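With PDB author numbering, you'll find the sequence shown wraps up at 100, consecutive numbering, no jumps. Report on one structure; see the data block that follows.
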Amino acid sequence: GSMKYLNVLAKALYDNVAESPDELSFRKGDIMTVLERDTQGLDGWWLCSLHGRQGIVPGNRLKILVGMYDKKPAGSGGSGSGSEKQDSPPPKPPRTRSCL
């Protein structure tokens, strides 16, 4: 094949609890690799690789991080911080696989 992904990175600006098996669950601060945007024809959903698996995430809760590709492996990590907030994130966009 002669196709290539963006391979740009992204950061979770908010948390998200996945409901669908294709959907990626993540916390605010998580870093994921974005393969493509508007994946599967789903408006606002980006194909990402996170926790070693691929799936989709709502772009409304994410920020693209651009940069050069490294020739050395990444070493991301984090910790389960408690959350003292009522501040709620924006909704995830529709998951309609065709039309509206």
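Ideal Cβ positions, reconstructed from N, Cα and C, are used throughout, including at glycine.
* Roughly how many angstroms lie between the CA atoms of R37 and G44, to the nearest whole one? -> 7 angstroms
* **Paired residues, beta bridge with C48 - DSSP** => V34 and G55
* Asked: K63 to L13, Cα distance in whole Å?
  -> 7 angstroms
* For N60, three-class secondary structure by DSSP -> helix
* Give me the Cα-Cα distance between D70 and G77, rounded to the nearest whole angstrom. => 17 angstroms
* Residues of its chain near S49, where Cβ-Cβ distance is below 6 angstroms and the 5 sequence neighbours each way are ignored -> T33
* To do: Report, in whole angstroms, the separation of the C-beta atoms of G67 and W46, which I expect to be a contact under 8 angstroms.
  => In fact, because the Cβ distance is near 17 angstroms, the residues do not count as touching under 8 angstroms.
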